[PDB]
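Asker: Shown below is the structure under consideration.
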Amino acid sequence: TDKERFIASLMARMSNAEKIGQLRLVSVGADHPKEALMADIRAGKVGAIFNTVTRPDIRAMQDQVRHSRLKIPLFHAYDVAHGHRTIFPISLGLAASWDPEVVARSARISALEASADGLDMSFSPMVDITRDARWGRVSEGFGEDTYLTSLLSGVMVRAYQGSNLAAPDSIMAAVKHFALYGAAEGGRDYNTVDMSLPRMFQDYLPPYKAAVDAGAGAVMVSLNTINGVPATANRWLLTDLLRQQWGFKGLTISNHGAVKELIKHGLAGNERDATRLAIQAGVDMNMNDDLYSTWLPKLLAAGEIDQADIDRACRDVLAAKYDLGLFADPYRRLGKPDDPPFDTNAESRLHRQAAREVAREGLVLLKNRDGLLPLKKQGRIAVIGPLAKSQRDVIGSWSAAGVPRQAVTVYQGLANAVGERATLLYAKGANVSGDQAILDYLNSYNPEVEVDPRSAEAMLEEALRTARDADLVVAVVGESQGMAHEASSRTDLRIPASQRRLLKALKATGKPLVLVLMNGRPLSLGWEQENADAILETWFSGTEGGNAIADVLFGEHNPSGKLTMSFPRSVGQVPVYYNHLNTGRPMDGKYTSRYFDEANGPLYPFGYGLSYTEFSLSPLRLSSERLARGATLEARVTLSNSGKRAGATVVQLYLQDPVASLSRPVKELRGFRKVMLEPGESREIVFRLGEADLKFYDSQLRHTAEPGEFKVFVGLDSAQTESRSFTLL
Amino acid sequence: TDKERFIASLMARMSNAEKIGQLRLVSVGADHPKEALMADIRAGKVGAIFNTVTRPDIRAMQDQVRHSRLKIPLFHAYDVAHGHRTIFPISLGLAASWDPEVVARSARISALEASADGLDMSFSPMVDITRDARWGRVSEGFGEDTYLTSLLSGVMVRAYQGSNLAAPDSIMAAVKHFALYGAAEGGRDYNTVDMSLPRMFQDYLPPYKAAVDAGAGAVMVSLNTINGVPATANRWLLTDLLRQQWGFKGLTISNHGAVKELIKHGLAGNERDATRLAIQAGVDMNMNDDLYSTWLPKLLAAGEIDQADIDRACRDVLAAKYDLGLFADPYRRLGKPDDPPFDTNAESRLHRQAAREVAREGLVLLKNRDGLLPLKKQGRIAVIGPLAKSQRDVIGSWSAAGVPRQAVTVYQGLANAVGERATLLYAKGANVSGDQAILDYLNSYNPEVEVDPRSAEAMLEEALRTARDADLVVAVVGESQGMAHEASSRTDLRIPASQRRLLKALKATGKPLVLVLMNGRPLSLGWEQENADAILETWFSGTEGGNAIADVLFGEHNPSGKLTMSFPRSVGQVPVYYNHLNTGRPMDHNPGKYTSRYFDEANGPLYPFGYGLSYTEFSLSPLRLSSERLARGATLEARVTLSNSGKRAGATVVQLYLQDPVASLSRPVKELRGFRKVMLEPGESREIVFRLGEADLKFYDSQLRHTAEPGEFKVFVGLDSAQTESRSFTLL
Ligand SMILES: OC[C@H]1O[C@@H](O)[C@H](O)[C@@H](O)[C@@H]1O
Ligand SMILES: OC[C@H]1O[C@@H](O)[C@H](O)[C@@H](O)[C@@H]1O
Ligand SMILES: [Mg+2]
Ligand SMILES: [Mg+2]
């Protein structure tokens, strides 16, 4: 009530002009020249800033607040998605570590670095469920599984916000994108999402609720329609669900120009009506389009909105600012005015140990023919491909304040790891695409992709000549980070054709071929699975990616990472995901649910990933065959390292309700342990199962466990498991 | 109440054993040997038969009924989808005619032929909305548009059932598949369907309701889940919607083994519980698995079901049998006991005139560089490809009693059309697929696909040598009918790789290249659009396909057919459909990077909805609305003048689309709301007048309120969904 008292008496001091000013979130750009923005801050007409990311620059803004009547401090936000200055792997890569503590360490250090530069808030975590590999932004999520994405959503929020949001090394988590954004039709970004309420509540919503339950201070609203209604004008989503049902008590933030876009959605004929829909639906804070400042006064004058609409939004902004401690000290994350200046991008402000150690855990070994990996640090190694010496790509999309020049490439990683003991030979081999239209797209806003001016044939001859000089080729191939961005939807999930032509040429030299993959989404790797001697999935592995990849290639680390998203054989099988419904005619037969013109199932399933050692599980044992209401069951299995090398695997518990009021999925992830074992080491794993893990949203959204059979699965991926059954009473 | 009285007094006479017997629908096969089935009919334990399709064979069954106590007649059903013995184009092809009377003529003659053979019912029309070209069964539907599929659903039902269901040349329409079956995830057949109730009511359901409103005597229930609940156990779908809300008064029929499959759906641990869910959800008649006969007695004994559950289903079966006139004369479609025997597949029992005249209307001219088509009947024409001399494929999937041997191939069609005036040279050029696994699948039960024992290279050399001898190549390519069947879902929408290798070789000879396409779904034709000199979409055009294709190729007919389903550039763009939502960041075909689009391919469809070329040129005058305000209960007039401004007689389809740019839901960028197909002679002009009222402006909102909101409405008019002009009015 200290906070309630403080807020109530500040808002009793405030005019509607000052209140509406608090709802305005802007960045320096064409729409808002720097100096007219500073003038707006001095006049009490700006609530917050995004995309201003250095102490001197953020100090300069907060300094303008003393000129306003009430001196209400700004908060400063940025897209700290998977690192601020020290870049960790893209979220899809982090998820692949299957280790909350690893994911937490990336968020803690992100918060530490961003706070240290003056930032109060990150538009993070992105926790949208993704079953469509075509979608540009799958790189920003944690994959396709509801349980894993929901858990890591909670982990990220608690790591960022820490023990106290006032703390100088804590930032506010603004979870995104609320809601259902990953389910765009055709995987086209911003596009229509349409689904049943049972699927919505069971599969897609839980990650947002986890962020709320973990204490997320903010929620960012999505650009997409939900069953005909844009989320930004969806009163049901933002008021009935978010506030009245989940009990969210924080700040709602519009997406970039999302209020104005209600016109193109066909929900409003003009900006006046677009504003009314958004504030009355439950959008507090308006990003960039400034429709709130332009129209909220006139809507109130004409009775089209209530004072309570303005007050709800303003109180939310002030409560956020309060919990960040900005009313106690606006400069608590900006040092002291007499502090000596520093180089923001100084080497000593980075966390390279952390980045390298996190980057190792998420690398996924997909293929290793006749123990080719790990490599010895001897002989001549050809390092070939357009992503081998790429600093821009290895830090991935949404790379915040990450500096390309400070990033360790895959080539450099190998250079450092072999020293003078092996000879590395380099050849680019191909451009990332051989299609000038795709190169035009990738280089459209910024020059993201360095184009060799030579012919494909010239580059291939040079690559072939390098392979011939070498004992083995390490091909570094896949996507440029510009291919797994916002709006970068693909019709083709394969490696680009220029690089596939390179890989076939390289295969034909007869040299052992190791594939180091870079990608922000599941790829189509039919050919690579038949032909490559080994494949390593490195996603975009960040600032210290090259070192972490070199550590795994030379056996300093044993690949432990496993997929959190199913890899389709082709884009034609989209969507494919492990927790699908059985249907009345499950494919194992001509008259089953399947394609005829391709092998069925995914190439690599959910939970899949190889190691340099071999693991075994003892028989699955349940503590009983009946479970009483309010009692707790124990699934017990013994994991061994039955190979020669130390290493980690992930023991995954799945669950099936084979008889239910709805057709339930064939299995759903409900627990896991990542376990490091020395050779011969054994760990008894014990899973606790209760009524909470058996529940689902029925036809009428009743969240219920029904009595009857439950099947418990345990294995090292969703494909290779054993089941044992019990009964709920 | 004559019927109600009759039924009430029959059912008062009946035991539960006799009532449960009426719910049993079976076919002769492994599961039911012919003679044990006849014994079951005599014992009053069979309600109906499917897949028995000749008079002598159907007579033999109905003869067994006199041995039952109450002598309740059987009805006999079959899959008369697009013809019985004389096969018309696949439904997707029929839709492309944009002509109710053409679609009606195919259904009338289907009913006539099937009734003439003894059949009472067809599991038809299939009226499932299809936005996913990967799905095997898009060939059986009318495309992606709700308005067109809803209209043709009504047309098909009224054609089949005629003026009286008692009539000897009328059959009962059993509309399918209720419901949402075309929206399977991944386009994998039988697979999960999951959608909002606004999309369901606005886009997907109306065709089923049209069948009901047209007086469909029966509805067949789908195999797919709807939002977690199999349609077969979906009480909401079959009771609350179908009966209580739409007022359906006919018979519900399960799909093949659909009750038992509730176990694999994970809705039931056993057959006892699977039966209870299905009969209590509102499934009257049980197809093949016989769970109803095995379990309904014990469920009733133990109180797990009510007598009213049994009675509802039985009364429905009897009402269907009554309206077919089978209680007045079980042999009314089986002739008289004296009647002389005949050859069922006699040439004189076919309707070749009708099939040829219907097949012309749906052929779609996609490309015609420098008026190559129509061809003259002179010189040397190379006819190359694996579908050129294919009889089995041209009759398509769900070909009922259609005989391959009786079908006119594309080669034969051209042979008849040129007689002795031109030289046709033949070469197969490639096998339908070059993948032995796909050939194994296609030839798995029956040999559907003739594999040439020569090498691809040998066939290519022979094809190339034929092209060299010729003035122009007519390449006959696309899918085998086994590729657009039930469960034949594809990951690739292109022409098979063996035929694409053939087309590239042929292109490289420099000879004019005409593509005759055969397919049961939208194909990916990026390459063919850049490289072929002309493209003709022939779908599967049926028994008289070859003749109808030859008529269009030689200008006897002017291509009038237009697409009812959007053609994607690649499978990676699935789904693509004209009536999509704008989104908050629409791409402007002034491209932006941050719009709703793919980056690694051209965006939009290759060919849009309503698209199709002609041998002549048409013009439209400016669109004129009768006013700029429309009063509640009043009627607006959109008026345009269509001309033949070219040298040949021919038809086009003038299409009216509608947009509600401001609404409580984001509405589609446009929705089809009317059309005229118009034949014009050169220089001929016709003032077209569309009537628009409040009914055409309505939509299902967040809470399924079906209303027109006041405000702006935009009217579009053009010869396809791409190339239109708009004018606005206001509702008050
Ligand atoms: O710049 C901040 C925001 O910009 C928007 O364009 C994106 O949709 C958000 O996800 C992002 O966090
Ligand atoms: O063969 C009769 C019926 O069998 C079902 O399995 C099919 O799905 C229906 O379309 C068909 O009409
Ligand atoms: Mg149960
Ligand atoms: Mg309106």
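All residue names refer to the structure tokens as shown: chains lettered A, B, ... in order, residues numbered from 1 in each chain, ligands numbered from 1 in order.
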Could you pull the residues within 10 Å of residue 191 (chain A), counting only C-alpha atoms, minus those fewer than 3 positions along the same chain, as a list in words?
Answerer: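 In the requested format, the answer is residues 181, 182, 183, 184, 185, 186, 187, 188, 194, 223, 224 and 225 of chain A; 580, 581, 582, 583, 584, 585, 586, 595, 596 and 597 of chain B.
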Asker: Take the residues that were just selected and, keeping C-alpha atoms, output them as a compact mmCIF listing (two decimals), in the first residue's frame.
Answerer:
# COMPACT_ATOMS: atom_id res chain seq x y z
CA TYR A 181 1.66 -15.21 -33.34
CA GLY A 182 3.63 -18.42 -34.25
CA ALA A 183 0.53 -20.01 -35.92
CA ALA A 184 0.35 -17.58 -38.92
CA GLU A 185 -1.34 -19.19 -42.01
CA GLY A 186 1.27 -20.26 -44.63
CA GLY A 187 4.03 -19.26 -42.13
CA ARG A 188 3.68 -15.72 -43.66
CA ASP A 194 -7.37 -19.17 -36.68
CA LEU A 223 0.16 -7.85 -34.68
CA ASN A 224 -1.89 -10.94 -35.83
CA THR A 225 -5.71 -11.55 -35.82
CA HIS B 580 -7.97 -14.09 -47.47
CA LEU B 581 -7.79 -11.37 -44.73
CA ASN B 582 -5.74 -8.19 -45.55
CA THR B 583 -3.63 -8.38 -42.29
CA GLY B 584 -2.08 -5.23 -40.67
CA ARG B 585 0.86 -5.32 -43.18
CA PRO B 586 -0.47 -6.31 -46.64
CA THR B 595 4.79 -7.08 -45.09
CA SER B 596 3.00 -10.51 -44.87
CA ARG B 597 4.88 -12.53 -47.56
Asker: Using only C-alpha atoms and all ligand atoms, what are the residues with an atom within 6 Å of ligand 1, set out as a PyMOL selection string?
Answerer: chain A and resi 79+123+255-256
Asker: Could you take the residues named above and write them with N, CA, C and O atoms, as an mmCIF file, in the first residue's frame?
Answerer:
data_model
loop_
_atom_site.group_PDB
_atom_site.id
_atom_site.type_symbol
_atom_site.label_atom_id
_atom_site.label_comp_id
_atom_site.auth_asym_id
_atom_site.auth_seq_id
_atom_site.Cartn_x
_atom_site.Cartn_y
_atom_site.Cartn_z
ATOM 1 N N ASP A 79 15.425 -4.613 -27.508
ATOM 2 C CA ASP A 79 15.187 -6.026 -27.900
ATOM 3 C C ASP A 79 16.411 -6.846 -27.495
ATOM 4 O O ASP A 79 17.220 -7.180 -28.367
ATOM 5 N N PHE A 123 12.050 -6.178 -24.386
ATOM 6 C CA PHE A 123 10.969 -6.870 -25.128
ATOM 7 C C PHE A 123 11.420 -8.325 -25.316
ATOM 8 O O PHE A 123 11.904 -8.703 -26.412
ATOM 9 N N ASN A 255 2.384 -3.317 -30.256
ATOM 10 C CA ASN A 255 3.513 -3.637 -31.168
ATOM 11 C C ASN A 255 3.727 -2.422 -32.076
ATOM 12 O O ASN A 255 2.898 -1.492 -32.023
ATOM 13 N N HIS A 256 4.804 -2.418 -32.863
ATOM 14 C CA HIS A 256 5.279 -1.236 -33.631
ATOM 15 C C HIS A 256 4.214 -0.823 -34.657
ATOM 16 O O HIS A 256 4.099 -1.495 -35.700
#
Asker: Which residues are near region 639-646 of chain B? Cut-off 10 Å, only C-alpha atoms, ignore same chain within fewer than 6 positions. Put them as number ranges by chain.
Answerer: B: 615-626, 652-654, 678-691, 717-719
Asker: Taking only C-alpha atoms and all ligand atoms and a cut-off of 7 Å, can you tell me which residues surround ligand 2, written as an MDAnalysis selection string?
Answerer: chainID B and resid 78:79 123 255:256
Asker: Any idea what the distance is between CA of residue 154 (chain B) and CA of residue 237 (chain B)?
Answerer: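 About the pair CA of residue 154 (chain B) and CA of residue 237 (chain B): they are 20.2 Å apart.
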Asker: Residues within 12 Å of ligand 4 should be enumerated using only C-alpha atoms and all ligand atoms and returned as a compact mmCIF listing (two decimals) with N, CA, C and O atoms, in the first residue's frame.
Answerer:
# COMPACT_ATOMS: atom_id res chain seq x y z
N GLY A 266 -9.05 -3.89 -41.18
CA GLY A 266 -10.46 -3.64 -41.54
C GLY A 266 -11.36 -3.62 -40.32
O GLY A 266 -12.56 -3.98 -40.45
N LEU A 267 -10.81 -3.22 -39.16
CA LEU A 267 -11.50 -3.08 -37.85
C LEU A 267 -11.90 -1.62 -37.60
O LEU A 267 -12.71 -1.38 -36.67
N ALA A 268 -11.34 -0.67 -38.36
CA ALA A 268 -11.56 0.79 -38.18
C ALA A 268 -11.33 1.54 -39.49
O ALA A 268 -10.35 1.22 -40.21
N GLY A 269 -12.20 2.50 -39.79
CA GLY A 269 -12.13 3.36 -40.98
C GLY A 269 -11.12 4.48 -40.83
O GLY A 269 -10.77 5.09 -41.85
N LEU B 658 -17.42 -8.73 -53.27
CA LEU B 658 -17.91 -7.79 -52.23
C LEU B 658 -16.91 -7.72 -51.08
O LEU B 658 -16.39 -8.78 -50.69
N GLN B 659 -16.66 -6.52 -50.57
CA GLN B 659 -15.77 -6.27 -49.40
C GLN B 659 -16.48 -5.38 -48.39
O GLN B 659 -17.08 -4.36 -48.80
N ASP B 660 -16.43 -5.79 -47.12
CA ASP B 660 -16.85 -5.01 -45.92
C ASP B 660 -15.56 -4.51 -45.28
O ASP B 660 -14.98 -5.19 -44.44
N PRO B 661 -15.04 -3.33 -45.70
CA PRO B 661 -13.72 -2.87 -45.28
C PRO B 661 -13.64 -2.46 -43.80
O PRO B 661 -12.54 -2.34 -43.30
N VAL B 662 -14.79 -2.24 -43.15
CA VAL B 662 -14.87 -1.92 -41.70
C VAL B 662 -15.96 -2.81 -41.09
O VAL B 662 -17.10 -2.77 -41.61
N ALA B 663 -15.61 -3.60 -40.07
CA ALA B 663 -16.48 -4.63 -39.45
C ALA B 663 -15.94 -5.06 -38.08
O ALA B 663 -14.75 -4.82 -37.80
N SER B 664 -16.78 -5.70 -37.26
CA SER B 664 -16.44 -6.19 -35.89
C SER B 664 -15.42 -7.34 -35.98
O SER B 664 -14.68 -7.53 -35.00
N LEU B 665 -15.39 -8.07 -37.10
CA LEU B 665 -14.26 -8.98 -37.46
C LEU B 665 -13.51 -8.37 -38.65
O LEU B 665 -14.15 -7.65 -39.43
N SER B 666 -12.22 -8.68 -38.79
CA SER B 666 -11.47 -8.48 -40.06
C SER B 666 -12.10 -9.38 -41.12
O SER B 666 -12.00 -10.61 -40.97
N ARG B 667 -12.76 -8.79 -42.11
CA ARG B 667 -13.46 -9.52 -43.21
C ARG B 667 -12.47 -9.76 -44.34
O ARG B 667 -11.42 -9.12 -44.38
N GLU B 694 -29.48 -7.10 -48.45
CA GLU B 694 -28.90 -7.19 -47.09
C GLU B 694 -28.36 -8.61 -46.84
O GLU B 694 -27.38 -8.74 -46.10
N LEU B 697 -24.63 -9.20 -47.61
CA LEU B 697 -23.71 -8.31 -46.85
C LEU B 697 -23.39 -8.89 -45.46
O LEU B 697 -22.51 -8.33 -44.78
N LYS B 698 -24.07 -9.97 -45.06
CA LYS B 698 -24.03 -10.53 -43.68
C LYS B 698 -22.77 -11.36 -43.46
O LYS B 698 -22.14 -11.77 -44.45
N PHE B 699 -22.43 -11.61 -42.19
CA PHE B 699 -21.31 -12.49 -41.76
C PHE B 699 -21.54 -12.93 -40.31
O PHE B 699 -22.30 -12.24 -39.58
N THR B 707 -25.41 -11.00 -39.10
CA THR B 707 -26.01 -9.69 -39.48
C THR B 707 -25.08 -8.87 -40.39
O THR B 707 -23.84 -9.13 -40.47
N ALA B 708 -25.73 -7.95 -41.10
CA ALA B 708 -25.13 -6.87 -41.89
C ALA B 708 -25.06 -5.62 -41.00
O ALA B 708 -26.12 -5.21 -40.49
N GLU B 709 -23.86 -5.08 -40.79
CA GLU B 709 -23.63 -3.82 -40.03
C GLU B 709 -23.74 -2.66 -41.01
O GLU B 709 -23.38 -2.78 -42.18
N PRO B 710 -24.24 -1.48 -40.55
CA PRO B 710 -24.29 -0.30 -41.40
C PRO B 710 -22.87 0.16 -41.74
O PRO B 710 -21.96 -0.15 -40.99
N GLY B 711 -22.71 0.84 -42.87
CA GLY B 711 -21.41 1.38 -43.31
C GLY B 711 -21.10 1.03 -44.75
O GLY B 711 -22.03 0.60 -45.47
N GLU B 712 -19.84 1.22 -45.15
CA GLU B 712 -19.37 1.12 -46.55
C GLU B 712 -19.37 -0.35 -46.99
O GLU B 712 -19.04 -1.22 -46.16
N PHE B 713 -19.76 -0.60 -48.23
CA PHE B 713 -19.57 -1.88 -48.96
C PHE B 713 -18.97 -1.55 -50.33
O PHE B 713 -19.45 -0.61 -50.99
N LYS B 714 -17.93 -2.29 -50.72
CA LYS B 714 -17.21 -2.13 -52.01
C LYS B 714 -17.61 -3.29 -52.92
O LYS B 714 -17.44 -4.45 -52.51
N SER B 728 -18.32 1.89 -54.43
CA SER B 728 -18.83 1.73 -53.04
C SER B 728 -20.26 2.27 -52.91
O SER B 728 -20.66 3.14 -53.71
N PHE B 729 -21.00 1.72 -51.96
CA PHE B 729 -22.29 2.24 -51.45
C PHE B 729 -22.24 2.16 -49.93
O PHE B 729 -21.23 1.68 -49.39
N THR B 730 -23.30 2.63 -49.27
CA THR B 730 -23.44 2.62 -47.80
C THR B 730 -24.78 1.96 -47.44
O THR B 730 -25.79 2.26 -48.09
N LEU B 731 -24.74 1.06 -46.47
CA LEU B 731 -25.94 0.50 -45.80
C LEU B 731 -26.29 1.43 -44.63
O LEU B 731 -25.35 1.95 -44.00
N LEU B 732 -27.59 1.66 -44.37
CA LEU B 732 -28.07 2.61 -43.33
C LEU B 732 -28.53 1.84 -42.09
O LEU B 732 -29.01 0.71 -42.15
Asker: Counting only C-alpha atoms and all ligand atoms, name the residues that have an atom within 7 Å of an atom of ligand 3; the answer should be given as a PyMOL selection string.
Answerer: chain A and resi 657-660+706-710
Asker: Write out as number ranges by chain the residues lying within 12 Å of region 326-336 of chain A, counting only C-alpha atoms and excluding same-chain residues fewer than 4 positions away.
Answerer: A: 3, 6-7, 10, 48, 53-66, 70-76, 111-121, 165-171, 317-322, 340-342
